[PDB]
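In what follows, a structure is listed as structure tokens, so that the remarks can point back to it.
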Amino acid sequence: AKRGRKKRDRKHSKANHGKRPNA
Amino acid sequence: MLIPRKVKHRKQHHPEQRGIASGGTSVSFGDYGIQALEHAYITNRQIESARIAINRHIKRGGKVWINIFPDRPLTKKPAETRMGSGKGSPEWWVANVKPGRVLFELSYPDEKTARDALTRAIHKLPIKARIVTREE
Amino acid sequence: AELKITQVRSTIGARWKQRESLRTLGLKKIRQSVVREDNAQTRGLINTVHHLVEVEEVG
Amino acid sequence: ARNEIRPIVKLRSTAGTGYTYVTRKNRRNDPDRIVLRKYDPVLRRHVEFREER
Amino acid sequence: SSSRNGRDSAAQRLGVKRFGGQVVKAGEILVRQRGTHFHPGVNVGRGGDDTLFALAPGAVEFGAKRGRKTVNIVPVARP
RNA sequence: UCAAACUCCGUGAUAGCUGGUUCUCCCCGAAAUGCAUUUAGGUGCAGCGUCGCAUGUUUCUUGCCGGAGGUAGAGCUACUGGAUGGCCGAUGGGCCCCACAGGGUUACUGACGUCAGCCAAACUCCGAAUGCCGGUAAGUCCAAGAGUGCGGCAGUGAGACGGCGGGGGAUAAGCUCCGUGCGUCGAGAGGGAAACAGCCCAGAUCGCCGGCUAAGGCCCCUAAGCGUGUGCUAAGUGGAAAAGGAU
RNA sequence: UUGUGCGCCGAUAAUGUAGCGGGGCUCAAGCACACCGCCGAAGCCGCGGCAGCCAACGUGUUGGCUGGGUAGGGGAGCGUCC
RNA sequence: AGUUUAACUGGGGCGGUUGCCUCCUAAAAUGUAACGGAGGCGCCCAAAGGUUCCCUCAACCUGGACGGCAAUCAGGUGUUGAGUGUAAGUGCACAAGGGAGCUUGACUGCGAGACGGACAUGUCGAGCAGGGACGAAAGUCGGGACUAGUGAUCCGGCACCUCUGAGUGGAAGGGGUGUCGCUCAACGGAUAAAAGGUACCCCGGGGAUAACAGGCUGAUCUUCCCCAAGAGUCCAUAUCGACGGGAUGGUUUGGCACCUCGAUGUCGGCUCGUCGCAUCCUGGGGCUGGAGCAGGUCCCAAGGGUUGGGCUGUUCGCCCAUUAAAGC
RNA sequence: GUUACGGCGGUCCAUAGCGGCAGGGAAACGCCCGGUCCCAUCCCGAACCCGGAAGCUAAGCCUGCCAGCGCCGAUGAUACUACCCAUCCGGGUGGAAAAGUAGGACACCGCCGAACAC
């Protein structure tokens, strides 16, 4: 829950440009 | 309840939720309409709940049109079964609803009661929606 | 008259057409520059790879 | 497939003075077996065969 | 508890094989097809399986003859 | 030590199985896909690699001309099916005049047609882009160290995630299965992302106590701006979030 | 009453703040639009040494391109014993 | 006594299936998977083949003896909505549909160039020759409107040959051409010949692969909310709030199979804790269909405390006797 | 050459069709008379075939008219989309529909033959 969401929301940073691996 | 009497193919893909409306973007037969804004699948039971919500809020006389019909099924498969081994059976029937599309149209004289009724029917649905007058 | 080219980005993350067309124009490294004609050939290559090249014009 | 007494039955089609068995598979609930037939044999030419099994 | 479906039939590699403009020799196969989607015209022949082929060398022209898409062959210019 | 002892011999039994296999540099450099398979963790051939010879730009890229497609989309009194609301009422029918025939009446069920608005992967009168097949004109050209043919030597044949398009699933999964001259990892370091194989940048011949830049960032930790200008924010929002509610 | 840009509530789990990386920040060190500079990589350039492919020339000189690399193919070598 | 007893599989088992044809998925060339979705075949055919010629249906409107929704007839509209041997698609009215006359090309000897292509298989093929059919001739005919309708190799069998004939002459036998013999259907076919158990079990391996546990998601479960039909004597909101809808938490039965099978010891009980609050009591409080005593629901609140006993291995539960209370 | 003629053909085959109105018959296209002769009906000289020209342009056919039933059909915009930018949203360069609209259109072209004429 928390852990997956924080992963999938850290991806919306600026140095990643909206995407990360394994979400 | 709303269902078709027979479909040719009783196991269909899931409809698409991509794009805006092409038709039903214009109130047709009443005066006070409902218009969607999002993408969603709207089922049989929702529309029943909504028309009852409207008829119990005008209660006497004033007409209600439903410009939607659930003519596209979806397939649940029975419980606690590992994935694989086929495709489940149709259990509930949706209509796709693209933004811009019109669902309901009322014809009751007073705008007070009419707008209120449509609001009560909006709060029975999964979509953000708004209310329309036939005017420009 | 002539176009002047300056490769800015890199060919990594870049597809076959873009890579082969940088090769066509003669560009291999970054900051290389080329003095090319402004015919349709060249304009199409730049339409292809505009995100990789700065384009200036002597004329 | 097999060799059951199938509706489509029989074979062999031999020649008079022409030994070149031409083959065909046909039914047998119909009547006939002493007329028609023709084909080209060896050294010979367009002449008449029997269906002789 | 069975899916009684699952079968399928391997391909047959149908469609056009020599498009407009190309040079074809004789007896070459322009299109394989089931029905006469494309019909013959001039210097073109039909097969058993409604395949088409060339009867005279040349080059192609997919034109229509009364509403039906045809295929043709035209004379190359001798060198 | 017994679901058939122990010892020598056959015997160095055999294992599609596990492990292990030793000095250096130079050049090029993958794959995890297809058909078959007593077969699915193995193998054979094709695929992609290199070495040698041959053929010389035939490969690739961009522009222009020629060609078929039935995808997105849209449309339907242009077919097959579903279906909303009206007009008519044949046809049906409660009922009445009562012969039941026949004369009809009434919300009645409503064909067929008709006015209007709609939907569809297995519906299409229609029909894009791209991609594709050939021709042509140049370009690259002290090279891509390209392509094709042949012969030697192989490895791989358990792929992962991300973007786009889609099936199964609950339109859930860091799920599973396909596509893709799309990518990266695999086999790829360095910088940024707080740490972080696949994300963004960029593809490491070795050295220098030299310079300019990308992505990203400039209050201190952390090198660089408590930078300039005009407005908003009062919530520590920034520095997670819905239906809905609210001067 | 419409559409907007930031905002409020809804909001809610178990070793310890703990959903800015921390201190701290609205006397923005926060959001937006324009502007100026700068830092920053093994990238590019600059000075040097080596190497492979090709080419030009002369009795091995120079120049352009090139040089991440596992499975693996090929090439050239050190060392030990007799 | 020697040996066989399949594979796929969202672990294995049970079930189902394995080859071929058609359609969608399939992403406007070809091609493309899944235990994805719909069907079908393991045939028939003196004609349902070849050729020459001729004609157009289905449906509706009307008339009309039995006759009606329809039977055969006549007259109009009718571009094609019928039919095409058999599933579907692509095509067919220019007919490949319907009908009539001759009839055997449902032939022999070949085959340029091409498709598709791992390979073996597979598909069309103009044109040449003999000898024919039909037609006045041109010209068409090497099966069926097309794609499915079947099975490699080996080993044997039948007819014919001016091939060989183990010293000679014959012959057997072996060859060749044309052909036959297989639900080898697990359908690229391990043998011509083969079903099961192991909780007596053993060995080699695997986290490629399952059970406990962790993890991701959250159908399901719990907690909570939105709108308000009504109930509540009237009174939507003291209290319960349907028909539908939106989120949480990650404890429940499950989904995926990502680390661990060269060892992560699994239900309950005891002892020992410590943590959260979505609070059982105590403490403060707002509303009442709260007279008062008792309460009902809601907000804040975690400091402390939160019993002993019977049955069951049991967790859960029920009961007895108490308790300020007998928490999740 | 030419007229309200006939015949064979073509158009990437309705811009050409259907329906209504008027109008023409010199030679030709036709309809019509009748089955003696070839020849023919799954029965019928209806059709096909044969022999002729009493009669009529009524129909077929050709000519003009009617944009009404049908068809054709743009520009511009939109949908969608390739590529690129972009922390979700969305956007930029290029390509570009369907429908709708303005409109078009009662076809065009070629050869031989006739009749007509210098």
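For the structure tokens, the naming scheme is as follows: chains receive sequential letters (A, B, ...) according to their order of presentation, residues are indexed from 1 within each chain, and ligands are indexed from 1 in presentation order.
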
Filtered DSSP result for range 14-47 of chain C, state helix (DSSP H, G or I), as number ranges by chain: C: 16-25, 40-47

Let me see the file: selected residues, C-alpha atoms, as a compact mmCIF listing (two decimals), in the first residue's frame.
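Output (selection-v5.txt):
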# COMPACT_ATOMS: atom_id res chain seq x y z
CA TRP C 16 17.58 3.86 -36.86
CA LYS C 17 16.33 6.54 -39.19
CA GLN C 18 17.64 9.37 -37.06
CA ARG C 19 21.02 7.73 -36.63
CA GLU C 20 21.42 6.83 -40.30
CA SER C 21 20.39 10.35 -41.26
CA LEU C 22 22.92 12.01 -39.03
CA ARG C 23 25.41 9.75 -40.80
CA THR C 24 23.98 10.93 -44.11
CA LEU C 25 24.58 14.55 -43.21
CA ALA C 40 14.51 19.40 -50.18
CA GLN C 41 16.76 16.49 -49.25
CA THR C 42 18.40 18.55 -46.53
CA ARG C 43 15.15 20.08 -45.33
CA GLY C 44 13.65 16.63 -44.94
CA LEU C 45 16.62 15.37 -42.98
CA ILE C 46 16.29 18.34 -40.67
CA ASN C 47 12.56 17.76 -40.29

Spatial neighbours of residue 228 in chain F, 12 Å, only C-alpha atoms (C1' of nucleotides), chain gap at least 5 places, as a ChimeraX atom specification: /G:34-37

With N, CA, C and O atoms (P, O5', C5', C4', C3', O3' and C1' of nucleotides) retained, write the just-selected residues as a PDB file, in the first residue's frame.
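Output contents, as saved in result_2.pdb:
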ATOM      1  P     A G  34       8.048  31.222 -20.154  1.00  0.00           P
ATOM      2  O5'   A G  34       8.743  32.650 -20.072  1.00  0.00           O
ATOM      3  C5'   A G  34       9.056  33.345 -21.264  1.00  0.00           C
ATOM      4  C4'   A G  34       9.329  34.812 -21.030  1.00  0.00           C
ATOM      5  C3'   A G  34      10.785  35.204 -20.904  1.00  0.00           C
ATOM      6  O3'   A G  34      11.495  35.214 -22.127  1.00  0.00           O
ATOM      7  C1'   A G  34       9.589  36.240 -19.195  1.00  0.00           C
ATOM      8  P     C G  35      12.911  34.460 -22.221  1.00  0.00           P
ATOM      9  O5'   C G  35      13.882  35.398 -21.381  1.00  0.00           O
ATOM     10  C5'   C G  35      13.910  36.788 -21.650  1.00  0.00           C
ATOM     11  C4'   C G  35      14.820  37.549 -20.728  1.00  0.00           C
ATOM     12  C3'   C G  35      16.186  36.965 -20.472  1.00  0.00           C
ATOM     13  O3'   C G  35      17.082  37.094 -21.558  1.00  0.00           O
ATOM     14  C1'   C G  35      15.298  37.788 -18.462  1.00  0.00           C
ATOM     15  P     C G  36      18.338  36.103 -21.667  1.00  0.00           P
ATOM     16  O5'   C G  36      19.262  36.540 -20.451  1.00  0.00           O
ATOM     17  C5'   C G  36      19.805  37.846 -20.409  1.00  0.00           C
ATOM     18  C4'   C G  36      20.472  38.144 -19.097  1.00  0.00           C
ATOM     19  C3'   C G  36      21.736  37.366 -18.810  1.00  0.00           C
ATOM     20  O3'   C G  36      22.865  37.920 -19.461  1.00  0.00           O
ATOM     21  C1'   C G  36      20.363  37.405 -16.889  1.00  0.00           C
ATOM     22  P     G G  37      23.703  37.085 -20.549  1.00  0.00           P
ATOM     23  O5'   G G  37      24.833  36.382 -19.689  1.00  0.00           O
ATOM     24  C5'   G G  37      24.509  35.270 -18.881  1.00  0.00           C
ATOM     25  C4'   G G  37      25.255  35.292 -17.573  1.00  0.00           C
ATOM     26  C3'   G G  37      26.064  34.048 -17.258  1.00  0.00           C
ATOM     27  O3'   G G  37      27.346  34.011 -17.850  1.00  0.00           O
ATOM     28  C1'   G G  37      24.707  34.541 -15.433  1.00  0.00           C
TER      29        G G  37
END

Spatial neighbours of range 25-29 of chain E, max dist 6 Å, only C-alpha atoms (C1' of nucleotides), sep filter under 5 positions, as a PyMOL selection string: (chain E and resi 53-57) or (chain H and resi 113-114)

Would you export the selected residues with C-alpha atoms (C1' of nucleotides) as a PDB file, in the first residue's frame, please?
ATOM      1  CA  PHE E  53      -0.440 -14.696 -63.298  1.00  0.00           C
ATOM      2  CA  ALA E  54       1.254 -13.053 -66.225  1.00  0.00           C
ATOM      3  CA  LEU E  55       1.003 -14.305 -69.781  1.00  0.00           C
ATOM      4  CA  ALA E  56       3.221 -11.666 -71.359  1.00  0.00           C
ATOM      5  CA  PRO E  57       6.109  -9.821 -69.731  1.00  0.00           C
TER       6      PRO E  57
ATOM      7  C1'   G H 113       9.207 -18.747 -64.900  1.00  0.00           C
ATOM      8  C1'   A H 114       7.244 -17.869 -59.893  1.00  0.00           C
TER       9        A H 114
END

Å distance separating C1' of residue 122 in chain H from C1' of residue 37 in chain F, one decimal place: 21.1 Å

Non-local contacts of residue 74 in chain G (10 Å; only C-alpha atoms (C1' of nucleotides); under 6 positions in same chain excluded) as a list in words: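 Residues meeting the cut-off are residues 27, 28, 50, 51 and 153 of chain F.
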
Counting only C-alpha atoms, the residue of B:97, B:131, B:102, B:3 that sits nearest residue 42 in chain B: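 Counting only C-alpha atoms, the residue closest to residue 42 in chain B is B:97.
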
Check: which chain H residues lie within 7 Å of chain B using only C-alpha atoms (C1' of nucleotides), as number ranges by chain: H: 10, 35-36, 227, 243-245, 254-255

Exercise: residue 47 in chain I partners within 12 Å, only C-alpha atoms (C1' of nucleotides), chain neighbours under 5 positions left out, as JSON, numbers by chain: {"H": [54, 55], "I": [40, 41]}

Taking only C-alpha atoms (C1' of nucleotides) into account, find every residue of chain H that has an atom no more than 7 Å from chain E, and write it out as a PDB file with N, CA and C atoms (P, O5', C5', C4', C3', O3' and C1' of nucleotides), in the first residue's frame.
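Here's the written file iface.pdb:
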ATOM      1  P     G H  15      -9.151 -36.917 -15.437  1.00  0.00           P
ATOM      2  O5'   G H  15      -9.944 -35.664 -16.009  1.00  0.00           O
ATOM      3  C5'   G H  15     -11.337 -35.554 -15.795  1.00  0.00           C
ATOM      4  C4'   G H  15     -11.866 -34.183 -16.122  1.00  0.00           C
ATOM      5  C3'   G H  15     -11.793 -33.775 -17.576  1.00  0.00           C
ATOM      6  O3'   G H  15     -12.820 -34.343 -18.365  1.00  0.00           O
ATOM      7  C1'   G H  15     -11.003 -32.011 -16.243  1.00  0.00           C
ATOM      8  P     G H  16     -12.442 -35.065 -19.743  1.00  0.00           P
ATOM      9  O5'   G H  16     -11.956 -33.865 -20.666  1.00  0.00           O
ATOM     10  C5'   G H  16     -12.850 -32.820 -20.994  1.00  0.00           C
ATOM     11  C4'   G H  16     -12.144 -31.619 -21.560  1.00  0.00           C
ATOM     12  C3'   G H  16     -11.320 -31.856 -22.806  1.00  0.00           C
ATOM     13  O3'   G H  16     -12.089 -31.889 -23.990  1.00  0.00           O
ATOM     14  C1'   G H  16     -10.038 -30.647 -21.268  1.00  0.00           C
ATOM     15  P     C H  21      -4.447 -25.698 -42.423  1.00  0.00           P
ATOM     16  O5'   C H  21      -5.975 -25.464 -42.766  1.00  0.00           O
ATOM     17  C5'   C H  21      -6.444 -25.828 -44.042  1.00  0.00           C
ATOM     18  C4'   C H  21      -7.908 -25.536 -44.240  1.00  0.00           C
ATOM     19  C3'   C H  21      -8.377 -24.155 -43.862  1.00  0.00           C
ATOM     20  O3'   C H  21      -8.035 -23.170 -44.815  1.00  0.00           O
ATOM     21  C1'   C H  21      -9.889 -25.730 -43.025  1.00  0.00           C
ATOM     22  P     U H  30      -2.162  -8.585 -44.811  1.00  0.00           P
ATOM     23  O5'   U H  30      -0.877  -9.505 -44.857  1.00  0.00           O
ATOM     24  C5'   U H  30      -0.594 -10.211 -46.041  1.00  0.00           C
ATOM     25  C4'   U H  30       0.652 -11.043 -45.934  1.00  0.00           C
ATOM     26  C3'   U H  30       0.760 -11.945 -44.730  1.00  0.00           C
ATOM     27  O3'   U H  30      -0.017 -13.118 -44.834  1.00  0.00           O
ATOM     28  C1'   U H  30       2.820 -10.881 -45.129  1.00  0.00           C
ATOM     29  P     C H  35      -2.653 -22.458 -24.367  1.00  0.00           P
ATOM     30  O5'   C H  35      -4.043 -23.050 -23.895  1.00  0.00           O
ATOM     31  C5'   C H  35      -5.240 -22.430 -24.321  1.00  0.00           C
ATOM     32  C4'   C H  35      -6.272 -22.388 -23.225  1.00  0.00           C
ATOM     33  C3'   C H  35      -5.913 -21.487 -22.048  1.00  0.00           C
ATOM     34  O3'   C H  35      -7.069 -20.813 -21.557  1.00  0.00           O
ATOM     35  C1'   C H  35      -6.290 -23.677 -21.275  1.00  0.00           C
ATOM     36  P     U H  90     -16.437 -11.469 -46.493  1.00  0.00           P
ATOM     37  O5'   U H  90     -15.492 -11.898 -47.697  1.00  0.00           O
ATOM     38  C5'   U H  90     -14.114 -11.561 -47.694  1.00  0.00           C
ATOM     39  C4'   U H  90     -13.411 -12.055 -48.929  1.00  0.00           C
ATOM     40  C3'   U H  90     -14.024 -11.621 -50.243  1.00  0.00           C
ATOM     41  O3'   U H  90     -13.651 -10.318 -50.634  1.00  0.00           O
ATOM     42  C1'   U H  90     -13.595 -13.925 -50.318  1.00  0.00           C
ATOM     43  P     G H  91     -14.519  -9.574 -51.754  1.00  0.00           P
ATOM     44  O5'   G H  91     -14.478 -10.576 -52.987  1.00  0.00           O
ATOM     45  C5'   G H  91     -15.536 -10.573 -53.918  1.00  0.00           C
ATOM     46  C4'   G H  91     -15.484 -11.711 -54.899  1.00  0.00           C
ATOM     47  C3'   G H  91     -16.652 -11.745 -55.867  1.00  0.00           C
ATOM     48  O3'   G H  91     -16.463 -10.944 -57.012  1.00  0.00           O
ATOM     49  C1'   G H  91     -16.463 -13.834 -54.830  1.00  0.00           C
ATOM     50  P     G H 113      13.432 -21.527 -65.835  1.00  0.00           P
ATOM     51  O5'   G H 113      12.646 -20.258 -65.291  1.00  0.00           O
ATOM     52  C5'   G H 113      12.561 -19.073 -66.059  1.00  0.00           C
ATOM     53  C4'   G H 113      11.351 -18.251 -65.682  1.00  0.00           C
ATOM     54  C3'   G H 113      11.264 -17.815 -64.232  1.00  0.00           C
ATOM     55  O3'   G H 113      12.001 -16.635 -63.977  1.00  0.00           O
ATOM     56  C1'   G H 113       9.207 -18.747 -64.900  1.00  0.00           C
ATOM     57  P     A H 114      12.280 -16.164 -62.470  1.00  0.00           P
ATOM     58  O5'   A H 114      10.832 -15.995 -61.850  1.00  0.00           O
ATOM     59  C5'   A H 114      10.498 -16.725 -60.693  1.00  0.00           C
ATOM     60  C4'   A H 114       9.091 -16.477 -60.236  1.00  0.00           C
ATOM     61  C3'   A H 114       8.859 -16.647 -58.749  1.00  0.00           C
ATOM     62  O3'   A H 114       9.247 -15.534 -57.968  1.00  0.00           O
ATOM     63  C1'   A H 114       7.244 -17.869 -59.893  1.00  0.00           C
ATOM     64  P     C H 115       9.585 -15.741 -56.414  1.00  0.00           P
ATOM     65  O5'   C H 115       8.193 -16.165 -55.779  1.00  0.00           O
ATOM     66  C5'   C H 115       7.126 -15.239 -55.764  1.00  0.00           C
ATOM     67  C4'   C H 115       5.874 -15.821 -55.161  1.00  0.00           C
ATOM     68  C3'   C H 115       5.914 -16.124 -53.679  1.00  0.00           C
ATOM     69  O3'   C H 115       5.712 -14.981 -52.877  1.00  0.00           O
ATOM     70  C1'   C H 115       4.944 -17.938 -54.831  1.00  0.00           C
ATOM     71  P     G H 116       6.665 -14.717 -51.618  1.00  0.00           P
ATOM     72  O5'   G H 116       6.328 -15.915 -50.640  1.00  0.00           O
ATOM     73  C5'   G H 116       4.996 -16.138 -50.234  1.00  0.00           C
ATOM     74  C4'   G H 116       4.820 -17.474 -49.551  1.00  0.00           C
ATOM     75  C3'   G H 116       5.893 -17.857 -48.554  1.00  0.00           C
ATOM     76  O3'   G H 116       5.703 -17.280 -47.282  1.00  0.00           O
ATOM     77  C1'   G H 116       5.550 -19.651 -50.015  1.00  0.00           C
ATOM     78  P     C H 124      -2.154 -26.989 -57.445  1.00  0.00           P
ATOM     79  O5'   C H 124      -2.006 -25.750 -58.419  1.00  0.00           O
ATOM     80  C5'   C H 124      -3.044 -24.798 -58.460  1.00  0.00           C
ATOM     81  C4'   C H 124      -2.605 -23.464 -59.010  1.00  0.00           C
ATOM     82  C3'   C H 124      -2.263 -23.407 -60.479  1.00  0.00           C
ATOM     83  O3'   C H 124      -3.374 -23.443 -61.342  1.00  0.00           O
ATOM     84  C1'   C H 124      -0.655 -22.215 -59.274  1.00  0.00           C
ATOM     85  P     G H 125      -3.283 -24.374 -62.635  1.00  0.00           P
ATOM     86  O5'   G H 125      -2.004 -23.818 -63.392  1.00  0.00           O
ATOM     87  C5'   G H 125      -2.006 -22.488 -63.862  1.00  0.00           C
ATOM     88  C4'   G H 125      -0.657 -22.029 -64.342  1.00  0.00           C
ATOM     89  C3'   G H 125      -0.166 -22.652 -65.619  1.00  0.00           C
ATOM     90  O3'   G H 125      -0.764 -22.096 -66.768  1.00  0.00           O
ATOM     91  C1'   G H 125       1.569 -22.651 -64.048  1.00  0.00           C
ATOM     92  P     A H 126      -1.785 -22.979 -67.628  1.00  0.00           P
ATOM     93  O5'   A H 126      -1.728 -22.313 -69.060  1.00  0.00           O
ATOM     94  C5'   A H 126      -1.993 -20.938 -69.190  1.00  0.00           C
ATOM     95  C4'   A H 126      -0.915 -20.232 -69.969  1.00  0.00           C
ATOM     96  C3'   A H 126      -0.587 -20.807 -71.329  1.00  0.00           C
ATOM     97  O3'   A H 126      -1.493 -20.399 -72.336  1.00  0.00           O
ATOM     98  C1'   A H 126       1.409 -20.320 -70.162  1.00  0.00           C
ATOM     99  P     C H 146     -13.952 -25.398 -56.998  1.00  0.00           P
ATOM    100  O5'   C H 146     -13.146 -24.246 -56.278  1.00  0.00           O
ATOM    101  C5'   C H 146     -12.110 -23.579 -56.967  1.00  0.00           C
ATOM    102  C4'   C H 146     -11.249 -22.777 -56.029  1.00  0.00           C
ATOM    103  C3'   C H 146     -10.861 -23.485 -54.756  1.00  0.00           C
ATOM    104  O3'   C H 146      -9.768 -24.357 -54.934  1.00  0.00           O
ATOM    105  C1'   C H 146     -11.605 -21.307 -54.249  1.00  0.00           C
ATOM    106  P     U H 147      -9.708 -25.731 -54.119  1.00  0.00           P
ATOM    107  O5'   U H 147      -9.252 -25.272 -52.675  1.00  0.00           O
ATOM    108  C5'   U H 147      -8.073 -24.511 -52.530  1.00  0.00           C
ATOM    109  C4'   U H 147      -8.046 -23.741 -51.236  1.00  0.00           C
ATOM    110  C3'   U H 147      -8.010 -24.545 -49.956  1.00  0.00           C
ATOM    111  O3'   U H 147      -6.700 -24.979 -49.650  1.00  0.00           O
ATOM    112  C1'   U H 147      -9.570 -22.768 -49.757  1.00  0.00           C
TER     113        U H 147
END

Atom pair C1' of residue 13 in chain F / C1' of residue 3 in chain H: separation (Å): 19.5 Å

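Closest to chain E among I:38, I:5, I:13, I:72 is I:13, based on only C-alpha atoms (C1' of nucleotides).
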
CA of residue 32 in chain B to CA of residue 134 in chain B, straight-line distance in Å: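 Taking CA of residue 134 in chain B as the start and CA of residue 32 in chain B as the end point, the length is 6.7 Å.
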
Compile a residue-level contact table for chain B against chain F at a cut-off of 10 Å, reporting for every qualifying residue the shortest atom pair and its distance in Å to one decimal, with only C-alpha atoms (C1' of nucleotides) counted, rows ordered by chain and ascending number, as a Markdown table.
| residue | atom | partner | partner_atom | distance |
| --- | --- | --- | --- | --- |
| B:4 | CA | F:82 | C1' | 6.9 |
| B:5 | CA | F:82 | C1' | 8.4 |
| B:6 | CA | F:82 | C1' | 7.7 |
| B:7 | CA | F:82 | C1' | 6.8 |
| B:8 | CA | F:81 | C1' | 6.7 |
| B:9 | CA | F:122 | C1' | 8.3 |
| B:12 | CA | F:121 | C1' | 7.6 |
| B:13 | CA | F:121 | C1' | 7.1 |
| B:14 | CA | F:171 | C1' | 6.0 |
| B:15 | CA | F:171 | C1' | 8.0 |
| B:16 | CA | F:171 | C1' | 8.6 |
| B:17 | CA | F:171 | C1' | 9.2 |
| B:22 | CA | F:74 | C1' | 8.6 |
| B:23 | CA | F:118 | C1' | 7.2 |
| B:24 | CA | F:117 | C1' | 7.3 |
| B:26 | CA | F:117 | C1' | 9.0 |
| B:27 | CA | F:117 | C1' | 9.0 |
| B:28 | CA | F:117 | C1' | 6.4 |
| B:29 | CA | F:85 | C1' | 7.7 |
| B:41 | CA | F:171 | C1' | 9.8 |
| B:65 | CA | F:85 | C1' | 7.5 |
| B:66 | CA | F:84 | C1' | 6.8 |
| B:67 | CA | F:84 | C1' | 5.7 |
| B:68 | CA | F:84 | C1' | 7.4 |
| B:69 | CA | F:83 | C1' | 7.2 |
| B:70 | CA | F:83 | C1' | 9.5 |
| B:71 | CA | F:82 | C1' | 6.8 |
| B:72 | CA | F:120 | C1' | 8.5 |
| B:74 | CA | F:171 | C1' | 9.6 |
| B:75 | CA | F:170 | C1' | 9.5 |
| B:76 | CA | F:170 | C1' | 7.8 |
| B:77 | CA | F:169 | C1' | 9.3 |
| B:83 | CA | F:169 | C1' | 7.1 |
| B:84 | CA | F:168 | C1' | 7.2 |
| B:85 | CA | F:168 | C1' | 9.5 |
| B:86 | CA | F:168 | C1' | 8.0 |
| B:87 | CA | F:168 | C1' | 7.3 |
| B:88 | CA | F:168 | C1' | 9.9 |
| B:95 | CA | F:119 | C1' | 8.8 |
| B:96 | CA | F:119 | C1' | 9.1 |
| B:123 | CA | F:243 | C1' | 8.7 |
| B:125 | CA | F:243 | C1' | 9.6 |
| B:126 | CA | F:243 | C1' | 7.8 |
| B:127 | CA | F:243 | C1' | 8.9 |
| B:128 | CA | F:243 | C1' | 8.9 |

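Non-sequential neighbours of range 40-50 of chain D (distance at most 10 Å, separation of 2 or more positions within a chain, only C-alpha atoms (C1' of nucleotides)) are residues 12, 13, 14, 15, 16, 17, 18, 19, 20, 21, 22, 33, 34, 35, 36, 37, 38, 52 and 53 of chain D; 107, 108, 130, 131 and 132 of chain H.
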
Kindly export the residues of the current selection with C-alpha atoms (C1' of nucleotides), as a PDB file, in the first residue's frame.
ATOM      1  CA  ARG D  12      -9.245 -51.000 -60.940  1.00  0.00           C
ATOM      2  CA  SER D  13     -10.098 -50.059 -64.529  1.00  0.00           C
ATOM      3  CA  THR D  14      -8.380 -52.422 -66.942  1.00  0.00           C
ATOM      4  CA  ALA D  15      -8.048 -52.183 -70.694  1.00  0.00           C
ATOM      5  CA  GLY D  16      -8.778 -54.451 -73.636  1.00  0.00           C
ATOM      6  CA  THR D  17      -5.467 -55.159 -75.478  1.00  0.00           C
ATOM      7  CA  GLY D  18      -4.335 -52.141 -73.460  1.00  0.00           C
ATOM      8  CA  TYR D  19      -2.747 -53.021 -70.127  1.00  0.00           C
ATOM      9  CA  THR D  20      -2.691 -49.656 -68.348  1.00  0.00           C
ATOM     10  CA  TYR D  21      -4.920 -49.774 -65.295  1.00  0.00           C
ATOM     11  CA  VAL D  22      -6.436 -46.328 -64.810  1.00  0.00           C
ATOM     12  CA  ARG D  33     -21.195 -52.005 -65.184  1.00  0.00           C
ATOM     13  CA  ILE D  34     -21.164 -52.850 -68.902  1.00  0.00           C
ATOM     14  CA  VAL D  35     -21.038 -49.602 -70.883  1.00  0.00           C
ATOM     15  CA  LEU D  36     -19.152 -46.288 -71.156  1.00  0.00           C
ATOM     16  CA  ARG D  37     -15.438 -45.681 -70.432  1.00  0.00           C
ATOM     17  CA  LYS D  38     -12.454 -44.497 -72.506  1.00  0.00           C
ATOM     18  CA  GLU D  52     -12.766 -54.476 -63.885  1.00  0.00           C
ATOM     19  CA  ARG D  53     -11.881 -54.772 -60.210  1.00  0.00           C
TER      20      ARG D  53
ATOM     21  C1'   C H 107      -6.193 -38.365 -70.068  1.00  0.00           C
ATOM     22  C1'   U H 108      -0.491 -39.779 -71.500  1.00  0.00           C
ATOM     23  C1'   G H 130       0.544 -37.824 -79.736  1.00  0.00           C
ATOM     24  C1'   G H 131      -4.482 -39.148 -79.418  1.00  0.00           C
ATOM     25  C1'   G H 132      -9.540 -37.260 -78.487  1.00  0.00           C
TER      26        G H 132
END
